[PDB]
$ cat work-v9.cif   # mmCIF, C-alpha atoms and all ligand atoms
data_input
#
loop_
_atom_site.label_atom_id
_atom_site.label_comp_id
_atom_site.auth_asym_id
_atom_site.auth_seq_id
_atom_site.Cartn_x
_atom_site.Cartn_y
_atom_site.Cartn_z
CA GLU A 1 18.55 -9.36 -11.53
CA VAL A 2 15.78 -6.77 -12.07
CA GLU A 3 12.73 -7.45 -14.26
CA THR A 4 10.84 -4.53 -15.82
CA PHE A 5 7.16 -4.86 -16.78
CA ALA A 6 4.61 -2.62 -18.48
CA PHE A 7 1.40 -1.86 -16.60
CA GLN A 8 -1.81 -2.70 -18.36
CA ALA A 9 -2.95 0.39 -20.25
CA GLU A 10 -5.98 0.78 -17.95
CA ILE A 11 -3.80 0.82 -14.80
CA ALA A 12 -1.37 3.28 -16.35
CA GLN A 13 -4.39 5.47 -17.10
CA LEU A 14 -5.58 5.20 -13.48
CA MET A 15 -2.14 6.20 -12.20
CA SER A 16 -1.98 9.25 -14.50
CA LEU A 17 -5.44 10.33 -13.37
CA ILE A 18 -4.39 10.12 -9.71
CA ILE A 19 -1.15 12.02 -10.41
CA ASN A 20 -2.67 14.74 -12.59
CA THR A 21 -6.17 15.46 -11.23
CA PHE A 22 -6.44 18.47 -8.94
CA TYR A 23 -7.72 17.03 -5.67
CA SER A 24 -6.86 18.54 -2.30
CA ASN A 25 -8.09 15.72 0.02
CA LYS A 26 -4.92 13.66 -0.38
CA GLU A 27 -4.89 12.33 3.21
CA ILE A 28 -7.21 9.45 2.27
CA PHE A 29 -4.21 7.54 0.89
CA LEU A 30 -3.42 6.42 4.45
CA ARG A 31 -6.94 5.07 5.11
CA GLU A 32 -6.66 3.03 1.92
CA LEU A 33 -3.27 1.52 2.73
CA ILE A 34 -4.30 0.70 6.31
CA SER A 35 -7.49 -0.89 4.98
CA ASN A 36 -5.39 -3.02 2.62
CA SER A 37 -3.18 -4.06 5.55
CA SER A 38 -6.22 -4.97 7.66
CA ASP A 39 -7.57 -7.13 4.80
CA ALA A 40 -4.22 -8.95 4.46
CA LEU A 41 -4.15 -9.57 8.22
CA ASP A 42 -7.74 -10.88 8.13
CA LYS A 43 -6.69 -13.31 5.40
CA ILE A 44 -3.75 -14.91 7.20
CA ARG A 45 -5.77 -15.02 10.45
CA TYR A 46 -8.59 -16.93 8.74
CA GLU A 47 -6.24 -19.34 6.99
CA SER A 48 -4.41 -20.07 10.27
CA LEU A 49 -7.67 -21.34 11.82
CA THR A 50 -7.47 -24.51 9.71
CA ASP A 51 -3.66 -24.60 9.32
CA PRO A 52 -1.89 -23.20 12.41
CA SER A 53 1.51 -23.76 10.76
CA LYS A 54 0.81 -20.76 8.52
CA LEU A 55 1.80 -18.61 11.52
CA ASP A 56 5.23 -20.27 11.85
CA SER A 57 6.50 -17.21 9.95
CA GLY A 58 5.20 -14.95 12.76
CA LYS A 59 2.29 -14.99 15.18
CA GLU A 60 1.94 -11.22 15.69
CA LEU A 61 -0.76 -9.52 13.59
CA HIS A 62 -0.14 -5.79 13.52
CA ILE A 63 0.38 -2.62 11.47
CA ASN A 64 3.32 -0.24 11.95
CA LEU A 65 3.57 3.31 10.57
CA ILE A 66 7.15 4.47 10.24
CA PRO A 67 8.05 8.03 9.17
CA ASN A 68 11.61 8.89 8.25
CA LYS A 69 12.46 12.54 7.55
CA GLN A 70 16.05 11.87 6.41
CA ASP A 71 14.83 9.55 3.63
CA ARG A 72 11.52 11.42 3.18
CA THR A 73 9.62 8.12 3.37
CA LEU A 74 6.49 6.93 5.15
CA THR A 75 6.41 3.15 5.54
CA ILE A 76 3.27 1.11 6.24
CA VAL A 77 4.24 -2.38 7.52
CA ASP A 78 1.84 -5.25 8.15
CA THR A 79 2.32 -8.89 9.07
CA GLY A 80 -0.53 -10.02 6.81
CA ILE A 81 -0.65 -12.84 4.26
CA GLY A 82 1.86 -11.16 1.89
CA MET A 83 1.94 -11.43 -1.90
CA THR A 84 3.42 -13.98 -4.27
CA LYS A 85 5.37 -13.06 -7.39
CA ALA A 86 2.28 -14.00 -9.40
CA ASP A 87 0.23 -11.54 -7.32
CA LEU A 88 2.69 -8.72 -8.04
CA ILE A 89 2.91 -9.30 -11.80
CA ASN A 90 -0.46 -10.77 -12.86
CA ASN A 91 -3.18 -11.45 -10.30
CA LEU A 92 -3.68 -8.04 -8.71
CA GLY A 93 -3.59 -6.31 -12.07
CA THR A 94 -6.24 -8.65 -13.45
CA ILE A 95 -8.59 -7.74 -10.59
CA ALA A 96 -7.64 -4.07 -10.82
CA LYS A 97 -8.65 -3.79 -14.49
CA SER A 98 -12.36 -4.15 -13.79
CA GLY A 99 -12.18 -2.06 -10.60
CA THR A 100 -10.51 0.73 -12.57
CA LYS A 101 -13.15 0.71 -15.32
CA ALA A 102 -15.91 0.97 -12.71
CA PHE A 103 -14.04 3.73 -10.83
CA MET A 104 -13.59 5.79 -14.00
CA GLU A 105 -17.27 5.39 -14.87
CA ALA A 106 -18.16 6.54 -11.34
CA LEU A 107 -15.94 9.63 -11.57
CA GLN A 108 -17.51 10.81 -14.82
CA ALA A 109 -20.90 10.33 -13.12
CA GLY A 110 -19.93 12.61 -10.21
CA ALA A 111 -18.00 10.46 -7.70
CA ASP A 112 -14.71 11.74 -6.33
CA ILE A 113 -11.28 10.29 -5.80
CA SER A 114 -11.92 9.54 -2.11
CA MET A 115 -14.30 6.72 -3.12
CA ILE A 116 -11.46 4.81 -4.86
CA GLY A 117 -11.43 2.08 -2.18
CA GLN A 118 -14.94 0.93 -3.08
CA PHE A 119 -13.52 -0.24 -6.42
CA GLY A 120 -10.64 -2.32 -5.05
CA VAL A 121 -7.87 -0.09 -6.40
CA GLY A 122 -7.18 1.99 -3.26
CA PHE A 123 -3.49 1.05 -3.28
CA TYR A 124 -2.93 3.43 -6.19
CA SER A 125 -4.03 6.40 -4.07
CA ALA A 126 -0.47 6.17 -2.78
CA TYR A 127 0.46 8.24 -5.84
CA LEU A 128 -1.51 11.18 -4.41
CA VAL A 129 1.48 11.79 -2.12
CA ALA A 130 4.36 9.59 -3.36
CA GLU A 131 6.59 10.08 -6.37
CA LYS A 132 7.83 6.48 -6.03
CA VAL A 133 6.36 3.48 -4.21
CA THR A 134 8.40 0.44 -3.15
CA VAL A 135 6.61 -2.70 -1.93
CA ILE A 136 8.54 -5.38 -0.03
CA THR A 137 6.50 -8.51 0.49
CA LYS A 138 6.81 -12.12 1.66
CA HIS A 139 4.11 -14.81 1.28
CA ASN A 140 4.53 -18.20 2.98
CA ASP A 141 4.51 -19.93 -0.43
CA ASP A 142 7.12 -17.75 -2.17
CA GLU A 143 10.35 -15.75 -1.81
CA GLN A 144 10.72 -12.20 -0.54
CA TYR A 145 10.26 -9.70 -3.40
CA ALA A 146 10.59 -5.97 -4.00
CA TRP A 147 8.14 -4.25 -6.37
CA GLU A 148 8.74 -0.65 -7.40
CA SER A 149 7.17 1.99 -9.58
CA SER A 150 7.47 5.73 -10.21
CA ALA A 151 4.48 5.41 -12.57
CA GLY A 152 5.32 6.36 -16.15
CA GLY A 153 3.85 3.06 -17.33
CA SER A 154 6.30 0.51 -15.88
CA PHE A 155 7.21 -1.27 -12.67
CA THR A 156 10.03 -3.55 -11.59
CA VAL A 157 10.19 -6.74 -9.55
CA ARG A 158 13.33 -8.23 -8.03
CA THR A 159 14.18 -10.77 -5.38
CA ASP A 160 14.83 -8.74 -2.23
CA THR A 161 18.21 -9.15 -0.53
CA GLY A 162 17.37 -6.88 2.42
CA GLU A 163 16.38 -7.73 5.98
CA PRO A 164 14.06 -10.80 5.94
CA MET A 165 10.49 -9.90 6.93
CA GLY A 166 9.09 -13.26 7.99
CA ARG A 167 5.70 -12.66 6.36
CA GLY A 168 3.73 -9.63 5.27
CA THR A 169 4.06 -6.42 3.30
CA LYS A 170 5.96 -3.12 3.65
CA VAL A 171 4.74 -0.22 1.49
CA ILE A 172 7.43 2.46 1.29
CA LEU A 173 6.10 5.86 0.14
CA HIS A 174 8.82 8.11 -1.24
CA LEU A 175 6.94 11.34 -0.65
CA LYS A 176 6.70 14.26 -3.05
CA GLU A 177 8.63 17.36 -1.98
CA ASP A 178 5.46 19.26 -1.03
CA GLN A 179 3.80 16.35 0.85
CA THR A 180 6.11 16.14 3.88
CA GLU A 181 3.25 16.92 6.28
CA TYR A 182 2.64 13.15 6.24
CA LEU A 183 5.94 12.66 8.12
CA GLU A 184 4.69 14.66 11.11
CA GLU A 185 3.45 12.73 14.13
CA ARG A 186 0.52 15.05 14.88
CA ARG A 187 -0.68 14.87 11.26
CA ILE A 188 -0.52 11.07 11.02
CA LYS A 189 -2.27 10.74 14.40
CA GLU A 190 -5.02 13.08 13.21
CA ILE A 191 -5.55 11.05 10.03
CA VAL A 192 -5.61 7.66 11.77
CA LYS A 193 -8.10 8.92 14.35
CA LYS A 194 -10.36 10.37 11.63
CA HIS A 195 -10.39 7.48 9.14
CA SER A 196 -8.96 4.32 10.77
CA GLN A 197 -10.16 4.44 14.39
CA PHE A 198 -11.86 0.99 14.42
CA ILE A 199 -9.28 -1.13 12.60
CA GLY A 200 -9.13 -4.42 14.46
CA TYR A 201 -5.33 -4.71 14.71
CA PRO A 202 -2.86 -2.62 16.72
CA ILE A 203 -1.54 0.36 14.74
CA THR A 204 1.77 1.63 16.19
CA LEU A 205 2.93 5.05 14.97
CA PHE A 206 6.70 5.08 15.35
CA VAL A 207 8.32 8.36 16.30
CA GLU A 208 11.35 9.81 14.60
CA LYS A 209 14.80 9.91 16.16
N1 LIG B 301 -6.29 -2.55 -7.50
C1 LIG B 301 -5.47 -2.93 -6.80
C2 LIG B 301 -4.44 -3.40 -5.91
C3 LIG B 301 -4.75 -3.79 -4.62
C4 LIG B 301 -3.71 -4.18 -3.79
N2 LIG B 301 -2.42 -4.16 -4.17
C5 LIG B 301 -2.13 -3.77 -5.42
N3 LIG B 301 -0.80 -3.77 -5.76
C6 LIG B 301 0.26 -3.38 -4.84
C7 LIG B 301 1.42 -4.35 -4.91
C8 LIG B 301 2.02 -4.40 -6.30
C9 LIG B 301 1.09 -3.78 -7.33
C10 LIG B 301 -0.35 -4.17 -7.09
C11 LIG B 301 -3.11 -3.37 -6.32
#
$ encode --input "work-v9.cif" --output "C-alpha cells" --more "lines below"
Ligand SMILES: N#Cc1ccnc(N2CCCCC2)c1
Amino acid sequence: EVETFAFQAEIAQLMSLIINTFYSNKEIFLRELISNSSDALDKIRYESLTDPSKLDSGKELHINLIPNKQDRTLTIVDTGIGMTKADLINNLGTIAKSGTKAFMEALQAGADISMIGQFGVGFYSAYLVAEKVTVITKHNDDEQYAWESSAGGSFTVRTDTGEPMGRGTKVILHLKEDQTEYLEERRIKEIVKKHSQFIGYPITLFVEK
C-alpha cells in the first residue's frame, strides 16, 4: 500500500531551484546529510540520559557511508532518533516552509546555495546530485517507513518490508548519471575531511566489493 502526497508549493519551488540552478559546488550535499545525521544522533543520545530504554533499539551511535557502483547509489546511514510517519508527511514540511522562505530571500540578496544548511533545509541539497532520494527510517514510537521522491512535486510513503533497521535513518541517493564521482572512495574521503572532520560520531566509509 503506497500513499502519494503533494509537496507544499514552497518546497516544490525549493526543489526545482536546487535542480535547475547552475551551481558547480555540489559536494556540499554530503556535509548537509552528515550534519543531519549528527543532529539525529545528538537527539537520541540526549533523550537516553533520562530514559535509558530508548536505546533498547540499539546502543551504537554512528554514521555509515555506503557507495554502490552497481546500483549507482550512495547511502548515508545513521542510528539516530529516526522519524515518525507524522514527521515524514507533516512536521518536517511545516518547519521547512519558513526555512525555505528565508533561504530564498537570502539568495536574492547574494547568498549562495552552499549556505542552505543555515536555514534548516539542507536535506534538499541531496537533489544537487541525486535524481531520486529514498529515505528508510525507524523511530522508537512508530513503524519502519520508506519515503521517496524524484521531485516533480510529489513524494510517496509506504510501510517498509525490507531489512529491519532497529532505529535511525538511511538516506539512499540514486545519483545522476554525471555525478558518479561521489561513489569513489578518494572523493568521499576528500569531502569528509574538508567539511565533516569534527563530527562527534564515528563515520565509517565502506569500500566497494
Ligand atoms: N527542511 C528540511 C528537512 C530536514 C530534514 N529532513 C527533511 N526531510 C527528509 C525526510 C523526508 C522529507 C523531509 C527535511
$ residues_around --input "work-v9.cif" --residues "stretch 61-70 of chain A" --least-positions-apart "3" --cutoff "6 Å" --atoms "all atoms listed in the file" --output "number ranges by chain"
A: 73-79, 183, 201-206
$ residues_around --input "work-v9.cif" --residues "stretch 23-32 of chain A" --least-positions-apart "6" --cutoff "6 Å" --atoms "only C-alpha atoms" --output "NGL selection string"
:A and (122 or 125-126 or 128 or 195)
$ residues_near_ligand --input "work-v9.cif" --ligand "ligand LIG 301 (chain B)" --cutoff "7 Å" --atoms "all atoms listed in the file" --output "list in words"
residues 36, 88, 92, 93, 95, 96, 99, 120, 121, 122, 123, 124, 135 and 147 of chain A
$ atom_distance --input "work-v9.cif" --atom1 "atom CA of residue A:156" --atom2 "atom CA of residue A:58"
27.3 Å
$ closest_residue --input "work-v9.cif" --among "A:18, A:49, A:89, A:104" --to "residue A:154" --atoms "only C-alpha atoms"
A:89
